[PDB]
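Participant: Below is one structure. I have some questions about it.
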Amino acid sequence: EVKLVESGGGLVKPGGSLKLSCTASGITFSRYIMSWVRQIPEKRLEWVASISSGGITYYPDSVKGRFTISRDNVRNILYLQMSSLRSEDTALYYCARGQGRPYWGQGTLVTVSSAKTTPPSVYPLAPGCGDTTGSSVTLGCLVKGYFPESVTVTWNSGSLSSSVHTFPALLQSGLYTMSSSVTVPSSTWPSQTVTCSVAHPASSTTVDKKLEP
Amino acid sequence: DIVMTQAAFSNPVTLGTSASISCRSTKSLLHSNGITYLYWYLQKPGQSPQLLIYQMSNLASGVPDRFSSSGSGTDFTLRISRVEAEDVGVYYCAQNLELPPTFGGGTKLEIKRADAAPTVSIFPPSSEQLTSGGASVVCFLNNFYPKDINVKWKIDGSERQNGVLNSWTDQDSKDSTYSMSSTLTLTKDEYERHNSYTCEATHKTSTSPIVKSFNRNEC
């Protein structure tokens with residue numbers, strides 16, 4: 001197996017510090033130029049830092065003098081020490097082995113904010129009372145009032161993936177709201193149950209909602 | 001640095017046909033060892049970025065050979081033969097000839113398909129939400145094509161704009177359609193002053209809007 005895994009992201013006040021770390025299965029950091037890159041919505045990927053195998057460090061002007069990249073060759077851990085954080089540093093941060101066959105991780109979100117985390121309220125979306133029609137029925141879950149992104153909604157433990165729509169979150173007065181829909185045969189709903197499970201990792205919450213109940 | 005430039009969109013392609021995505025560098029990416037340090041990656045709707053090709057000619061793991069890259073000097077093209085619905089997303093070029101690495105702005109691959117009317121579904125507020133004094137009425141306008149659509153809300157036959165917020169998906173990876181959610185949010189007290197809540201969708205597939213409603217007092 002080969003993968004890179006970033007950690008350390010979270011909410012941090014402007015002016016604060018935060019250290020990200022990156023570990024790997026099957027990549028020995030000491031052997032390569034290792035980097036951090038970050039992704040902001042609709043902005044193009046931005047290089048943040050590199051450290052060569054010999055320990056030479058490199059930074060763009062946006063972060064130079066504030067961010068420091070370093071490596072523990074014994075434990076095989078890559079770090080990004082972020083200091084004097086700014087609102088514009090808010091992004092998804094990736095570690096990357098950039099030369100040869102490039103590799104990067106799943107990313108870790110850094111949100112520079114005065115705000116605190118807020119878990120979502122999760123509400124089921126089911127048809128109103130009345131006569132039925134149709135061979136398919138569409139159900140949903142409304143995931144309201146959370147901060148920061150992201151949430152994941154899973155239907156019947158992943159068993160309904162093909163039929164699902166995930167609606168991009170919207171930000172209003174510091175809180176996000178998103179929804180997810182699924183379409184299933186009417187022959188077996190509501191006779192059988194459907195459940196949405198909503199994970200919001202930032203607040204460490206997972207909530208399940210059953211859709212008839 | 002080397003600047004990598006791509007168009008934000010390509011022309012839309014029909015399923016099964018070939019697509020091209022063009023990328024320009026300011027400077028050659030060919031090194032003295034004969035290798036061109038160009039790579040391509042994809043970001044699909046709602047997934048993490050996936051390497052496609054590196055060093056111009058090497059496919060990444062899992063990548064089918066209907067993906068190819070060619071070019072010379074400042075000019076490169078990613079070709080995708082026999083485009084599939086799942087290919088939709090934003091394709092990026094990048095270089096690792098130099099430090100620092102530099103990245104293109106991405107080109108969205110768009111699929112052309114047959115028109116499809118929206119499936120419209122309206123949902124009342126949950127009992128749970130109401131217990132907390134809020135009332136969101138949700139409408140899904142699902143699996144339509146083309147992407148252009150209009151939604152209107154009416155409360156007792158009178159148009160309502162205040163408190164409505166809309167969200168639109170990217171092109172669907174499975175059937176190449178588009179969807180949208182529209183949510184009307186009121187206080188429980190406002191909600192309980194009317195009975196008819198109406199979501200209406202206007203799309204090119206018909207002159208008449210598709211109307212869904214429920215009645216709060218019907219049952």
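In the structure tokens, the first chain shown is A, the next is B, and so on; residue numbers restart at 1 for each chain, and ligands run from 1 in the order shown.
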List as an MDAnalysis selection string the protein and nucleic acid residues near residue 203 (chain B), meaning an atom at most 8 Å away when only C-alpha atoms are counted, but skip any in the same chain fewer than 4 places from it.

Facilitator: chainID B and resid 117:118 148:150 207 209

Participant: If you take only C-alpha atoms and a cut-off of 12 Å, which residues of region 58-170 of chain B touch region 8-32 of chain B, and what are their nearest atom pairs and distances in Å to one decimal, in chain and number order, as a tab-separated table?

Facilitator:
residue	atom	partner	partner_atom	distance
B:66	CA	B:18	CA	9.1
B:67	CA	B:19	CA	9.8
B:68	CA	B:20	CA	9.7
B:69	CA	B:21	CA	9.5
B:70	CA	B:22	CA	10.0
B:71	CA	B:23	CA	9.2
B:72	CA	B:28	CA	7.8
B:73	CA	B:28	CA	5.0
B:74	CA	B:25	CA	4.9
B:75	CA	B:24	CA	4.8
B:76	CA	B:23	CA	5.2
B:77	CA	B:22	CA	4.5
B:78	CA	B:21	CA	5.1
B:79	CA	B:20	CA	4.6
B:80	CA	B:19	CA	5.2
B:81	CA	B:18	CA	4.2
B:82	CA	B:16	CA	4.2
B:83	CA	B:16	CA	4.9
B:84	CA	B:15	CA	5.8
B:85	CA	B:15	CA	6.8
B:86	CA	B:15	CA	10.2
B:87	CA	B:15	CA	9.8
B:88	CA	B:13	CA	10.3
B:89	CA	B:9	CA	10.3
B:90	CA	B:8	CA	8.4
B:91	CA	B:21	CA	7.8
B:92	CA	B:23	CA	8.5
B:93	CA	B:23	CA	6.4
B:94	CA	B:23	CA	8.9
B:95	CA	B:29	CA	7.2
B:96	CA	B:29	CA	8.4
B:97	CA	B:29	CA	6.0
B:98	CA	B:29	CA	8.7
B:101	CA	B:29	CA	11.5
B:102	CA	B:25	CA	9.7
B:103	CA	B:25	CA	9.8
B:104	CA	B:23	CA	7.6
B:105	CA	B:8	CA	6.9
B:106	CA	B:8	CA	5.7
B:107	CA	B:8	CA	4.2
B:108	CA	B:9	CA	4.7
B:109	CA	B:10	CA	5.9
B:110	CA	B:12	CA	4.7
B:111	CA	B:13	CA	4.9
B:112	CA	B:14	CA	4.9
B:113	CA	B:14	CA	6.4
B:114	CA	B:14	CA	9.7
B:146	CA	B:12	CA	11.6

Participant: Write out as a PyMOL selection string the residues lying within 12 Å of residue 57 (chain A), counting only C-alpha atoms and excluding same-chain residues fewer than 6 positions away.

Facilitator: (chain A and resi 33-36+48-51+64-65+67-71+80) or (chain B and resi 99-100)

Participant: For those residues, write C-alpha atoms to a file as an mmCIF file, in the first residue's frame.

Facilitator:
data_model
loop_
_atom_site.group_PDB
_atom_site.id
_atom_site.type_symbol
_atom_site.label_atom_id
_atom_site.label_comp_id
_atom_site.auth_asym_id
_atom_site.auth_seq_id
_atom_site.Cartn_x
_atom_site.Cartn_y
_atom_site.Cartn_z
ATOM 1 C CA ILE A 33 11.521 16.567 -2.282
ATOM 2 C CA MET A 34 8.375 16.736 -0.147
ATOM 3 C CA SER A 35 5.779 19.564 -0.442
ATOM 4 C CA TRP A 36 2.649 21.120 0.942
ATOM 5 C CA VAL A 48 2.890 26.320 -0.126
ATOM 6 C CA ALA A 49 6.332 24.804 0.700
ATOM 7 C CA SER A 50 8.962 22.262 -0.279
ATOM 8 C CA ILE A 51 11.886 20.544 1.461
ATOM 9 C CA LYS A 64 7.454 32.942 3.411
ATOM 10 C CA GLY A 65 8.450 34.196 6.837
ATOM 11 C CA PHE A 67 5.194 28.958 7.405
ATOM 12 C CA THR A 68 7.994 26.504 8.050
ATOM 13 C CA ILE A 69 8.322 23.008 6.532
ATOM 14 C CA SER A 70 10.298 20.323 8.418
ATOM 15 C CA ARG A 71 10.732 16.555 8.529
ATOM 16 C CA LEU A 80 4.000 22.389 8.198
ATOM 17 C CA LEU B 99 10.697 24.144 -8.393
ATOM 18 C CA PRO B 100 8.291 25.543 -7.685
#

Participant: Which chain A residues are at most 10 Å from chain B (counting only C-alpha atoms), as a VMD selection string?

Facilitator: chain A and resid 33 35 37 42 to 50 58 to 60 98 to 107 121 to 130 137 to 142 144 162 to 170 172 177 to 181 183

Participant: CA of residue 111 (chain A) to CA of residue 201 (chain A): how many Å, to one decimal?

Facilitator: 13.6 Å

Participant: Hey, can you check how far CA of residue 38 (chain B) sits from CA of residue 61 (chain B)?

Facilitator: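 Calculated distance between CA of residue 38 (chain B) and CA of residue 61 (chain B) is 16.7 Å.
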
Participant: Which residue gives the smallest distance to residue 155 (chain A) among A:117, A:191, A:112, A:209, with only C-alpha atoms counted?

Facilitator: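 Of A:117, A:191, A:112, A:209, the one nearest residue 155 (chain A), counting only C-alpha atoms, is A:209.
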
Participant: For the atom pair CA of residue 191 (chain B) and CA of residue 157 (chain B), what is the interatomic distance in Å to one decimal place?

Facilitator: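 Separation of CA of residue 191 (chain B) and CA of residue 157 (chain B): 14.5 Å.
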
Participant: Name the residues of region 3-202 of chain B that fall into strand (DSSP E) according to DSSP on the backbone, using the chain letters and numbers of this document, as a PyMOL selection string.

Facilitator: chain B and resi 4-5+13-14+19-25+38-43+50-54+58-59+67-72+75-80+89-95+102-103+107-109+111-112+119-123+134-144+150-155+158-160+164-168+178-187+196-202

Participant: DSSP on the backbone: which residues in region 60-156 of chain B end up as alpha helix (DSSP H)? Give the answer as a list in words.

Facilitator: residues 127, 128, 129, 130 and 131 of chain B

Participant: Keeping only C-alpha atoms, write the selected residues as a PDB file, in the first residue's frame.

Facilitator:
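Generated output (out.pdb):
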ATOM      1  CA  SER B 127     -42.105  17.591  12.982  1.00  0.00           C
ATOM      2  CA  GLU B 128     -38.637  17.802  14.552  1.00  0.00           C
ATOM      3  CA  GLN B 129     -37.821  21.126  12.896  1.00  0.00           C
ATOM      4  CA  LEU B 130     -41.221  22.619  13.835  1.00  0.00           C
ATOM      5  CA  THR B 131     -40.691  21.629  17.496  1.00  0.00           C
TER       6      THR B 131
END
